[PDB]
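Asks:
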Amino acid sequence: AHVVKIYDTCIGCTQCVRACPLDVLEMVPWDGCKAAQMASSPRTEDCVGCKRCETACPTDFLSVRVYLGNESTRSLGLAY
Amino acid sequence: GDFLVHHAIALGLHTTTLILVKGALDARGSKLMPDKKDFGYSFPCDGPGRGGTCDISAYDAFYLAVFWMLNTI
Amino acid sequence: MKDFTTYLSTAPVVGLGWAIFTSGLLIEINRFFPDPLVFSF
Amino acid sequence: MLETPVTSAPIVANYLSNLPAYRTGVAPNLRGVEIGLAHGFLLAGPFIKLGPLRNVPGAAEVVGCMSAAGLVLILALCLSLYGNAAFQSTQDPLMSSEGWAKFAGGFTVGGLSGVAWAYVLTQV
Amino acid sequence: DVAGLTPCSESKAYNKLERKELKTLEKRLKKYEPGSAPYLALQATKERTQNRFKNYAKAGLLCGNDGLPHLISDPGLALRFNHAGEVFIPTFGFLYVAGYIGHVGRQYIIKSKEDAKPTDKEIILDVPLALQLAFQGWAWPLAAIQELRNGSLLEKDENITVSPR
Amino acid sequence: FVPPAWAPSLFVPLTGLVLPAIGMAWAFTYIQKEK
Amino acid sequence: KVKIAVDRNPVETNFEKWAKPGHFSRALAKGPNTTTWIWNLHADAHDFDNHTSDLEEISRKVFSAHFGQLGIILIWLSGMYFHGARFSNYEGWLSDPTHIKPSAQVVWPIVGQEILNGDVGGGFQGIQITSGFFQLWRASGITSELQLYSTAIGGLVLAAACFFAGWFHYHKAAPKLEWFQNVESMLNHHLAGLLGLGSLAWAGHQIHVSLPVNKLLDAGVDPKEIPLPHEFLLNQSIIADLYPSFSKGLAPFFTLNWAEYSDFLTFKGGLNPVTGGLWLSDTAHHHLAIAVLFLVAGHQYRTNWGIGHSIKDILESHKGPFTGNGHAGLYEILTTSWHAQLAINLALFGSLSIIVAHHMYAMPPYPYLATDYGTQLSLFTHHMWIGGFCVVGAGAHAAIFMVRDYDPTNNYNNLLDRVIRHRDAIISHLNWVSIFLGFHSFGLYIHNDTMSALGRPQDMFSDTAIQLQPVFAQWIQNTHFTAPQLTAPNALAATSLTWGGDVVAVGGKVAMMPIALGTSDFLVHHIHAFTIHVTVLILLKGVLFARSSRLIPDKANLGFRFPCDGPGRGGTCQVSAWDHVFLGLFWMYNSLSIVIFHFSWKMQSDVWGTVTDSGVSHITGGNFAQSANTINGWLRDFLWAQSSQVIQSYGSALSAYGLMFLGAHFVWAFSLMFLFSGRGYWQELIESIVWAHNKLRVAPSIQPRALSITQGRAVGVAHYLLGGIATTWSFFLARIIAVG
Amino acid sequence: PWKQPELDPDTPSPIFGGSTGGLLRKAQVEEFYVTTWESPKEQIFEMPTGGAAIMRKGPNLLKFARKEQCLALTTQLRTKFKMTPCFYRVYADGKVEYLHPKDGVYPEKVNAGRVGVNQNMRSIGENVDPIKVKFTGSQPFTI
Ligand code: CLA
Ligand code: CLA
Ligand code: CLA
Ligand code: CLA
Ligand SMILES: CC1=C(/C=C/C(C)=C/C=C/C(C)=C\C=C\C=C(C)\C=C\C=C(C)\C=C\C2=C(C)CCCC2(C)C)C(C)(C)CCC1
Ligand SMILES: CC1=C(C/C=C(\C)CCC[C@H](C)CCC[C@H](C)CCCC(C)C)C(=O)c2ccccc2C1=O
Ligand code: SF4
């Protein structure tokens with residue numbers, strides 16, 4: 002499926018997870034940010050690449066990136 | 516009239532050149548997409564974020580320059 | 001007055017004023033100098 | 056899921072039950088023969104009417120019959136292609166690969182038989 | 063007599079075009095009584111056409127094989143054949159006016175940035191300030207080349223927003 | 015040397031009907047070829 | 012129960028909010044920082060549902076906006092009447108309407124545009140107008156320019172009154188929500204007062220003013236010697252001489268002997284041979300009957316006096332077994348949602364505009380209207396396009412209601428819920444119908460073109476080879492030709508000349524004549540049905556899938572107007588209902604363009620022309636029976652055979668039509684860069700221009716940004732529609748003025 | 051959470067008629083998703099696959115063909131009534147997979163029990179150029 006990569010510039014604001022319509026991201030404990038939270042993608046096989054997480058990222062550039070490629074039944078959003 | 520149509524030809528060539536060199540120079544990165552090299556040459560968009568990012572690849576610049584080249588020829 | 005003046009100070013209103021001014025200037029120039037093409041004093 | 060009076064009508068149910076495709080009471084060869092007969096008989100219709108030789112009497116029916124036979128053969132080829140390229144991997162024998170091949174053979178046999186029957190009916 | 067072309071006064075197709083225009087104006091005029099407003103309107107149109115055709119002649123304008131006047135754009139060639147007033151003087155005048163516009167816009171951009179919310183001044187124009195900068199732009203090339211001399215016209219490449227490579 | 019007069023009556027239907035039909039048949043079997 | 016509920020002075024008339032451009036929404040209240048704010052200023056200006064969540068303020072804003080639009084309309088009408096009063100040859104046109112072209116716009120001689128003031132006749136110079144205002148004023152009994160001046164001054168006064176009324180009813184005395192929700196009182200007052208009372212007043216004007224002036228004009232007397240309408244109003248001798256039943260003096264009306272009014276309230280259905288228009292007595296009895304029917308219908312709903320009908324009770328009572336809760340929650344929907352009422356009003360208004368265009372080309376209800384081919388063509392095309400725009404806005408605002416004002420609590424098993432519950436079957440069946448129609452019409456056209464290019468005229472679907480005649484339309488035409496014979500024996504002749512009969516001509520030009528229907532007519536009618544079906548499919552798919560879909564299950568949370576949902580699931584570009592309306596606008600444009608092309612070609616070939624002693628010689632010689640069956644026939648015998656007047660209009664008064672034609676081609680071509688492409692390319696180009704202006708230190712404080720994807724689509728569709736509309740307008744007007 | 055709940059097919063479905071955008075043949079060929087919640091009272095909600103339904107006072111079970119529909123229903127129930135539902139995925143062979151509350155605390159929280167995966171520890175824009183990773187099968191963002 003698609004590739005979801007999260008960098009260290011994330012501030013743990015949990016906006017990307019709330020904007021996710023397929024429950025791909027998660028919040029794990031961290032020490033590199035003030036909020037002590039870091040975004041993770043343990044369910045990247047269910048991500049369709051809608052880039053809704055990138056819209057909700059408040060940091061400049063993007064702390065979360067979605068790269069398309071190798072579309073599957075789950076990645077193409079097919080009910081059939 | 517030949518003078519006017521020659522200047523029209525010059526306009527077409529310069530505009531197609533502008534589109535193609537903007538696609539080539541901003542191919543690996545831009546301000547809307549600094550990481551345009553990681554997304555390959557032909558990718559659709561980055562979504563509706565940052566105001567909208569459709570037709571941002573160099574392939575889309577080439578595909579608009581095809582229209583401009585067709586008009587010039 | 002000053003609220004109406006700031007409304008008149010908005011960009012579309014002053015653009016409209018420039019539009020009427022320039023159009024009237026060019027129209028009166030064309031009317032009192034009928035169809036010139038080459039500058040010949 | 057959304058049931059309708061026309062889909063769940065008992066008359067519609069028994070009309071679709073005894074159809075050769077949904078009978079599930081016979082070999083695929085007989086179903087293919089019936090399908091080919093019916094569809095060739097109806098497909099010969101527009102060919103004996105509006106073909107390029109429709110103004111010429113006699114030859115119009117023959118030309119339409121060979122065109123219907125060619126269309127039947129093309130449909131049989133596409134049926135065989137679908138059977139070979141659809142059921143190539145793992160209770161109805163029609164959904165099987167060789168079952169669909171026998172269905173296609175029955176379909177082309179019925180198609181040529183229906184074309185011949187339409188030719189006989191148009192001649193008489 | 064440059065580019066194998068004849069002057070408009072000496073040309074025959076120019077006079078033929080003028081005669082055809084006068085003929086069709088007279089044909090339109092003959093359908094109205096002399097004591098009617100369309101008659102005076104068409105007479106004024108004919109007078110304007112005659113004045114324009116007289117002014118296009120005896121002014122250096124030349125036409126080739128169709129009676130439609132032609133313009134010479136190369137300086138020097140236009141200078142030695144009195145064709146500078148065709149495009150050479152108007153292009154300098156347009157450059158003067160365009161520099162006026164650019165200098166006025168630059169002055170308004172710079173002078174409305176050292177204040178709180180410059181976008182508010184951009185969207186709601188300071189009309190007395192705009193008029194003051196409008197009447198102060200008559201010496202645009204002097205101020206432009208002086209800003210070039212002191213280096214305030216151009217920004218250095220360190221304070222300029224730049225796209226990643 | 016010179017082809018016979020019936021060559022347009024044979025090669026044109028062959029490359030207009032038969033050859034594209036067998037090409038589409040081969041391509042359809044190649045698209046849906048599974049392991 | 013029904014009573015006036017008005018709040019006194021809720022909004023103070025202050026200019027403090029005129030200084031701040033963005034004030035209606037909190038998003039724009041923070042001030043501008045990018046240029047996309049400015050477009051957002053001009054996009055959410057009338058989005059009153061987004062500014063406030065209170066329905067009362069939205070209703071007050073709607074009332075004020077309607078008053079403003081009525082004031083604008085009255086200003087435009089007063090300006091039209093003023094232009095007819097001063098810069099017009101209406102008095103000259105009244106003397107000879109069959110030789111002087113109607114002109115009401117005069118230009119200023121400035122840069123050679125005085126050549127646009129063509130020789131329209133009557134000692135006047137101007138632009139030949141195609142609005143038909145001259146025929147409307149002749150139908151209204153207007154004779155002198157003083158009456159037009161008085162009408163213009165009254166229109167300006169009423170426009171100022173309506174503008175002050177909007178200011179008063181918003182700022183001073185704002186009606187409450189309960190005042191707007193009295194739908195029964197609104198319907199009763201509109202049926203009885205807005206429509207019926209106006210119909211009765213216009214009927215009385217036609218009886219007392221328009222009929223005698225029109226009768227004297229048809230008699231051939233001097234319009235200057237025609238007595239003034241007040242002479243007919245006060246003194247009864249002239250109205251008794253013109254109509255003996257006026258000598259009774261309202262006796263037959265109050266004694267129920269209405270047959271005595273048959274001299275000036277006639278039923279002679281057809282065209283007046285003197286002027287080629289509808290009989291004014293027929294229009295008088297028509298508007299009188301319409302007024303009576305609407306005053307009857309306006310006493311239907313119960314408001315404050317016990318008797319009447321309840322809309323909620325009627326809607327809840329009409330429930331069947333196959334529909335569950337039949338029309339249950341619709342009363343609460345239409346009394347709380349402005350957008351549902353907007354969709355209903357726009358759909359019915361557009362359909363009625365299409366009806367107006369069809370029944371106005373069919374029956375010209377104006378003296379000397381059918382002789383003016385340009386006026387009829389322009390009016391038909393204009394009403395056609397306004398109807399199409401209204402019916403596509405109906406789908407747009409229905410989708411807006413679906414996104415915003417739909418509540419699942421009030422819609423459990425009602426009709427809207429079941430429509431949403433089988434929307435997939437609806438869309439699939441409509442898609443199949445559209446595909447089948449497009450095949451069996453456009454493929455028929457391609458078949459005709461191929462068999463024409465293959466040298467097989469006997470293989471074509473033409474009027475000579477394969478007779479696919481419209482037997483139903485021909486049977487209906489024959490039945491309506493016999494409508495006065497057996498089923499409506501009180502009518503003197505047929506209700507229109509399109510069904511059949513003879514040829515009515517005015518001044519040597521044919522006003523109306525029977526229209527023959529062949530295979531080409533069947534082909535173009537089925538093509539029109541196919542295009543309408545496709546547009547209906549697009550707009551219905553936009554409306555029904557506005558909330559959710561299999562592709563996107565949470566489309567309602569994204570709003571009505573969003574560009575996309577990213578490239579996920581393969582790509583979700585143009586998935587919103589707004590994008591569906593944007594796509595359907597082009598299909599509406601294509602449908603109506605084909606419709607008006609069919610109208611223009613059919614009426615130029617089989618209706619319009621001149622009448623000589625040998626017969627009726629049409630403009631194009633009746634090529635529609637042999638050329639309309641192929642696409643190349645429309646390409647050559649309709650688009651290339653015509654449009655020669657547009658390209659040869661240079662040097663004449665019609666050259667502005669050619670210039671407008673070129674500009675329309677330009678705008679149509681310029682729209683394609685917004686229709687194609689995207690946003691990132693222009694954003695990076697704007698970034699490069701930003702660098703260029705930053706080098707010169709002329710970078711604006713407001714950051715320039717590219718247009719939004721929705722904004723870019725809107726700009727593209729707007730410029731595309733404007734270019735196509737103005738192209739057809741210029742081509743139609745130039746062709747119909749030069750040769751007509 | 052502490053113990054992963056097991057789905058019950060015998061739980062009553064919410065009161066609804068017939069759906070057209072419901073489960074297709076993929077439900078009997080591939081996996082399909084099933085959402086469970088616990089309604090304290092009967093109320094009307096809007097399904098993402100059609101119109102409106104009424105949930106029963108008790109357990110409620112719904113079936114969908116897409117995970118996006120399940121999460122849309124979950125977030126609608128959480129925003130409108132604070133329901134906290136949970137959906138499983140059932141394959142063709144009957145394998146049941148727990149999908150939304152992986153730790154039972156929802157992904158908006160942390161719970162100090164999830165290991166962050168697919169996290170690049172370098173800043174964005176510090177990735178190598180595609181010329182550096184050529185003919186290797188490794189993307190610049192995958193390192
Ligand atoms: C029989 C009485 C009557 C009449 C004639 C009208 C007439 C009208 N109403 Mg109204 N309405 C009425 C009663 C009436 N209303 C009642 C009782 C209610 C409350 C239930 C409403 C609630 C209502 C709403 C909510 C809206 C209208 C609107 C309109 C306009 C529709 C647009 C149109 O057709 O333009 C026809 C235009 C003309 C004929 C031009 C002349 C218009 C004149 C000035 C109006 C004169 C009639 C007026 C009602 C007399 C009383 C006002 C008096 C105190 C001065 C029209 C002017 C719409 C609107 O706001 O438009 C501004 C609108 O949205 N009506
Ligand atoms: C709205 C439409 C309309 C209008 C305005 C009129 C108006 C008129 N018609 Mg027409 N008519 C109509 C429809 C209409 N009719 C229709 C539908 C038909 C059916 C075919 C006819 C058939 C018809 C015939 C056959 C005749 C008329 C005639 C008349 C006139 C007689 C009026 C009369 O006695 O009525 C009754 C009028 C009143 C009772 C007056 C109203 C009460 C007043 C206004 C009270 C004022 C009080 C006020 C406070 C005090 C003054 C204020 C001041 C001090 C400042 C009048 C000009 C007759 C005519 O022209 O001869 C004179 C005639 O022969 N009409
Ligand atoms: C009965 C009339 C009516 C009414 C009262 C409304 C009211 C509304 N509509 Mg609707 N609409 C209508 C008809 C109507 N519409 C029709 C006929 C169409 C189809 C064309 C639409 C299509 C439509 C869409 C697609 C949308 C609306 C929206 C809206 C809302 C805000 C509109 C706004 O802010 O525009 C502000 C004004 C403008 C943006 C200016 C528009 C100018 C156009 C684009 C170009 C004009 C060209 C002109 C004719 C020629 C210019 C030539 C040039 C050289 C000068 C509001 C609820 C919007 C919304 O959010 O709904 C809630 C929305 O998205 N409507
Ligand atoms: C002339 C160009 C053209 C054509 C042919 C189509 C064709 C189609 N569009 Mg359309 N469309 C077009 C331009 C065109 N579009 C443009 C410019 C736009 C932008 C506004 C759209 C926007 C649009 C939308 C928004 C929708 C469509 C839909 C459709 C379908 C309707 C099917 C139908 O009724 O006709 C049947 C098809 C034809 C008549 C095609 C003509 C070709 C011949 C006659 C068919 C046979 C060819 C030949 C004999 C076989 C060759 C075999 C082999 C050699 C290849 C169809 C696929 C709708 C859809 O999906 O289906 C309902 C739909 O919703 N289109
Ligand atoms: C004589 C002549 C001619 C020629 C010319 C030429 C040849 C030119 C060249 C030129 C060039 C070769 C140029 C260059 C340049 C460069 C640069 C680098 C520039 C810059 C600029 C700037 C920077 C500007 C600025 C400004 C603005 C824009 C605004 C404000 C003001 C100012 C001015 C400051 C012709 C024939 C055509 C025509 C006639 C005349
Ligand atoms: C060209 C283009 C742009 C760029 C267009 C922009 C930035 C809009 C520019 C509008 C200008 C500023 C309007 C005013 C133009 C003149 C300066 C005003 C008239 C001047 C005369 C009176 C002298 C997009 O942003 C875009 C977005 C989405 C899809 C397609 C496109 C698209 O095609
Ligand atoms: S509309 Fe543009 S940004 Fe949005 S999904 Fe399509 S191409 Fe991408």
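So the sequences go chain by chain: C, B, J, L, F, I, A and D. According to the entry's author numbering, the residues represented by the first sequence are 2 to 81, in order. According to the entry's author numbering, the residues represented by the second sequence are 516 to 588, in order. According to the entry's author numbering, the residues represented by the third sequence are 1 to 41, in order. According to the entry's author numbering, the residues represented by the fourth sequence are 56 to 145, 160 to 193, in order. According to the entry's author numbering, the residues represented by the fifth sequence are 63 to 227, in order. According to the entry's author numbering, the residues represented by the sixth sequence are 15 to 49, in order. According to the entry's author numbering, the residues represented by the seventh sequence are 12 to 751, in order. According to the entry's author numbering, the residues represented by the eighth sequence are 51 to 193, in order. We treat Cβ as the ideally placed atom computed from N, Cα and C, and that holds for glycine.
#1: How would you list, in chain order, the residues of chain D whose beta-carbon sits under 8 Å from the beta-carbon of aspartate 553/B?
#2: With a cut-off of 8 Å, do at least 3 Cβ pairs link the segment 331-339 of chain A to the segment 420-438 of chain A?
#3: At what residues does the beta strand (DSSP E) containing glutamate 147/D begin and finish?
#4: Under three-state DSSP, which class holds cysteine 120/D?
#5: Within the present structure, is the beta-carbon of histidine 522/B separated from the nearest heavy atom of ligand 5 by less than 6 Å?
#6: Determine the burial state of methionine 374/A: buried for a count of at least 16 other Cβ atoms within 10 Å of its Cβ, exposed for fewer.
#7: Since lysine 179/F meets chain A, which of its residues come closer than 8 Å, beta carbon to beta carbon?
#8: Against chain B, with Cβ distances strictly below 7 Å, would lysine 6/C count as a contact?
#9: Is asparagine 442/A close to ligand 4? I mean its beta-carbon at under 6 Å from any heavy atom of the ligand.
#10: So who's on the other strand from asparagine 77/F, going by DSSP bridges?
#11: In three-state DSSP terms, what is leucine 57/D?
#12: So, using beta-carbon positions, are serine 611/A and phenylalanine 635/A closer together than 7 Å?
#13: Which value, in whole angstroms, describes the spacing of the CA atoms of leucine 550/A and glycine 449/A?
#14: Do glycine 567/B and ligand 7 come close, with the Cβ less than 6 Å from some heavy atom?
#15: Quick one: which chain C residues come within Cβ less than 9 Å of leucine 112/D?
#16: Roughly how many whole angstroms lie between the Cα atoms of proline 32/A and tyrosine 692/A?
#17: Any beta carbon from chain D within less than 7 Å of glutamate 27/C's own beta carbon?
#18: Closer than 6 Å to a non-hydrogen atom of ligand 4 - does that hold for the CB of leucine 594/A?
#19: With a threshold of 6 Å, establish whether the CB of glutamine 247/A neighbours any heavy atom of ligand 2.
#20: Assign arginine 561/A to one of two classes, buried (16 or more other C-beta atoms within 10 Å of its C-beta) or exposed (fewer than that).
#21: Considering just the uninterrupted stretch of the alpha helix (DSSP H) at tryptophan 396/A, what are its terminal residues?
#22: Please confirm if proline 43/C has its CB atom under 7 Å from at least one CB of chain D.
#23: Look at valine 67/C and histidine 3/C and say whether their C-beta atoms are less than 7 Å apart.
Replies: Taking the definition as stated:
#1: Within chain D, the residues placing a beta-carbon under 8 Å from that of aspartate 553/B are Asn177, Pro180, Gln189, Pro190 and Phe191, ordered along the chain.
#2: yes
#3: For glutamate 147/D, the uninterrupted beta strand (DSSP E) run begins and ends at 146-148, by DSSP.
#4: helix
#5: no
#6: It is buried - the Cβ of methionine 374/A has at least 16 other Cβ atoms within 10 Å.
#7: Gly42
#8: no
#9: yes
#10: BP columns for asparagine 77/F are empty, so no partner.
#11: coil
#12: no
#13: 18 Å
#14: yes
#15: Contact of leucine 112/D with chain C by beta-carbon distance below 9 Å is absent, the smallest such distance being about 14 Å.
#16: 30 Å
#17: yes
#18: yes
#19: yes
#20: Classification of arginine 561/A: buried, given that the 10 Å Cβ count is 16 or more.
#21: Judged by DSSP secondary structure, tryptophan 396/A falls within the alpha helix (DSSP H) whose first and last residues are 384-414.
#22: yes
#23: A contact, by the Cβ cut-off of 7 Å.
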